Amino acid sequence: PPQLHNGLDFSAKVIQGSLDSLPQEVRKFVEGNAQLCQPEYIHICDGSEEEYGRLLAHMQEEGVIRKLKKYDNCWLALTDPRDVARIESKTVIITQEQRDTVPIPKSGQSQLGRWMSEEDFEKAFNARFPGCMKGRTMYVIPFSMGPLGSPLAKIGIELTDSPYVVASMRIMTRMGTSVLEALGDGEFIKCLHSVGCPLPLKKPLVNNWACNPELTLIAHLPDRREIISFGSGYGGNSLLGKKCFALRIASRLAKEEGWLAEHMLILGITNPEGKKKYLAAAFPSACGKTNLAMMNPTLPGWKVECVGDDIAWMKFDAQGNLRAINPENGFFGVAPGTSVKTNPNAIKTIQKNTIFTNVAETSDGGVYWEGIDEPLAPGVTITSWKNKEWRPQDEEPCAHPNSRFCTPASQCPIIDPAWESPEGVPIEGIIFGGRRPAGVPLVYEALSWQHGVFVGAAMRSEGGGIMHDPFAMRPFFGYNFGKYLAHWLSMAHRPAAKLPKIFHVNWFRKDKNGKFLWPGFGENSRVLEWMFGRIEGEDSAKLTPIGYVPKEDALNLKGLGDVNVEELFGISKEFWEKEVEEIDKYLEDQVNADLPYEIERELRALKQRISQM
C-alpha cells in the first residue's frame, strides 16, 4: 500500500464523481488543496443539466438565491454590500522582479498594476487559506476558455467553496466532464477560490452572502500558472476564468507565445450587399462594449452579430489573418441601463436560464433597475437589491450600479454562427474608445499601425475624473505595460500580416450644457458603416492632425437632422495641445524606461501635426 495511514486520500468526502477518474495532476491539485482548506465535502462537477438543477435547488433551499417566478429558470442573488464589484486594490500579481509585472513609476504610485513579492504573498496565503473551507463543499470545476478542443482554447480547474460560482462558471465557461476528457494529462491553469468564511462563522453573515472583505486578495502567480483568490464571491474576483485567467494570466502567455489577450468585444457586421466583416473593440468597463457587441443597427439592411462582448484572444494565422475567439461561454453584463432602446438583443437573451446579481425584484417576480425603461402596472411594487421596499423618489437606486446578469451566449438571438468556430474569425478593424465629454470627435482612423498602437496607449476615459485606461486594460495587464506596447508594435513585423485598420470612437461627447451630442446605441451603426467603407478603401476620409475623420456628408445622418455636426466633429488646437501635454506627463511618469521608441515618436508626430494648426 502507498501510505501508512490513509495518505492524502479524500475519497470518503466525495459526493459527486470520483477522484479515481481525474487525471493525476488534477487529483494532486484537488487533494493538496483539500488537505489545506479542509472542506466537509468534495463535489467534482460534471456540467450536466441534472447537476445544475440540483445545485440551484440547493442554493434556493439555503436562501442563497431566489427564483424569479416571472421568467423561465431565472434566479436572483443579493450580496453583502461590501462585496459588489471586482476590486482592483486587492488584486495583485506575484513575480520575482517587480519590473516584470509593472513599470516602476517615477511618482511612486503605479496606475498600471500592483505587484506583490513571493515572500509577502506566502505570508498572506498562510494567514487566509488553512482551514478556510471547513464545513463547506469544495467544488471542482473543470473548465475550458474557448471552444472545447480549439487550438486557441486553454483549460483550467477552479476549486471553490461557492455554489454561486459553480452556477455562474457553468454559464460563463464550458465546464464539466467533457473538459476533463479533453484535458487528459495536459497542462491546466490552477485556480483556487474561497469565500473565506469557514464554519462555524466567526463573523455575522450579511444577506446570506459569504465574504471576507478585510482579507480579500485576488492573486496571480503566472510563473506557477496559478490564480489564488480569497474573500470575495463577486464577478471578476471569483469567476476566475474571466479576468484572472483570460486577461491577466493569458496576456503574459500571449506575449511569450505570439498572440493577444484583450478586453475586447468581437462582432460581425454585414452590409446591405451581404459583405461581412468582423471587428474587435476595446472600451473600458462602463463604456458600452456590451451594447455595441449586440447592436440592433438602425440603418436598414445592416446586421450585427455577436461573437463575444468582453474578452478576445487573437492570433495571426498562416495566411496573415488576425483571428479572434471569444474564450467565454456567456455574457456577464451590467444590468442597469439595459432596455429595449439601449440593448434590445440583451433583453431577449436574459429571460431564461439567467442569474441576476444585485438587481431589484418586482412583486410579480420580475427584475428591475435604473434605465430599464419599462413602466410597471399601478400597484406593482419593487424590492431593492438591499431587500427593502423601494419607490422611484427614494434617494438611492433600486439596483446596485454594478449589478449584473449572467446569461448563456447561445441564447442570444444574434449570436454569430462562427462564435464557437475553433479557428476564430478574421478581424479587419480594431476600435478603441471611452468616455470623453470634450475635445475628442465621434470617430477617427489611425494613420498607421504604430499610430494605432499609440491611440490605444493614449486612451483616457471619464470615471471619477478623466483617467488613463490604455487599451481598456488598465486593471488587467498580466505584465509590464511597456513590454505590452512593444508586443503590440511587433505585430507590424510579422511577415504577410494583414494588419487591421485601427479606429477611435467617442460616443460621449457633450455640448456646453452637458447634453450628449450623439444619440448612440443603434445609431452607432452609422459610424460602423463609415469604418466598413474605410476598410474597403472608400475615399470617405478627411485628414486631420489626429488621424482621418469622415468627410462632410460621408456619414449617413438621415433621420438625425438635429445633430450639431460642427461641434461633434470639431478639433481644437488648444484642446489637443493640452492632450499631448498630459499624455507626455503620463507616459514619462508611469512607463518611463519601458516606453518603446515608436510610442515616443508617435507622440512627437501628433505634437508636430497639432503645431501646424
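We call the rigid core whatever largest set of C-alpha positions still superposes within 1.5 Å between the two forms. Throughout, we count residues from 1 along the sequence that is shown.
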Is the larger C-alpha RMS shift in 8 other deposited structures of this protein, relative to this form with the rigid core superposed, found in 514-522 or in 529-537?
514-522
Core-aligned, which moves more in 8 other deposited structures of this protein: 103-111 or 220-228, by CA RMS?
103-111
Mean Cα B-factor check, 445-453 vs 377-385, entry values; winner is 377-385
Going by the average Cα B-factor in the PDB entry, point out whether 399-407 or 111-119 comes out higher.
111-119
Using only the C-alpha B-factors in the record, can you name which of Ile155, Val425, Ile372, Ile466 has the highest?
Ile466
C-alpha B-factor winner, where the candidates are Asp80, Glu305, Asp161, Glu536:
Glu536
Sorting the chain's CA B-factors, does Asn207 end up in the lowest, middle or highest third?
highest
Would the CA B-factor of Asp309 place it in the lowest, middle or highest third of its chain?
lowest
Third of the chain, ranked by Cα B-factor, where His193 sits:
lowest
Using the B-factor values recorded in the entry, state whether the Cα atom of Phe316 falls in the lowest, middle or highest third among the modelled residues of its chain.
highest
Rank-wise, by C-alpha B-factor, drop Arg225 into the lowest, middle or highest third of its chain.
highest
